[PDB]
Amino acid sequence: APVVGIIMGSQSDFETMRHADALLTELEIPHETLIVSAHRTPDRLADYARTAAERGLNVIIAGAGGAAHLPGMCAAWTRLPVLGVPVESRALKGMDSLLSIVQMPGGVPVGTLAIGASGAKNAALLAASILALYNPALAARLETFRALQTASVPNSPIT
């Protein structure tokens, strides 16, 4: 049963959001990966978000670009933590994505990650760190992940 939902506005967003999917798989976190469009499927979004907690989801990772409303509107309909990934847009390079996700008025939060693939990977890692608070086996796997990441950095660059 999935405990993280990864949602994104379109197939084009998957080039970015696949990095969240891959990370959750590496850490053996059960998850679902879906397309939900805030603008084209607003009722699908409302249903997805309002039923997420009763379906057993613990965290939602939502990615969108441009006037990026998917994470904020998801958070409007769920008390679950919602993490937002700004997808890089063609013209404004994700600055529109970033501001339309992070600048939520007080009362409905979205935890926002970096523009692009780094943000997708980090949304998955942040979801993992949330789940690790209550899952000791996962906490150990996350500590192994962080230890390997630290230990694997080379000491000098190659030409």
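Note that residue numbering follows the sequence shown and begins at 1.
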item	value
Selected stretch [higher average CA B-factor]: 65-73 or 129-137	129-137
Chain-wide C-alpha B factor ranking for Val102, given as lowest, middle or highest third	lowest
Third of the chain, ranked by Cα B-factor, where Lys121 sits	lowest
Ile29 CA temperature factor, ranked by third within the chain	highest
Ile35 - which third its CA temperature factor falls in, relative to the rest of the chain	highest
Position of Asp96 among the chain's modelled residues by C-alpha B-factor, lowest, middle or highest third	lowest
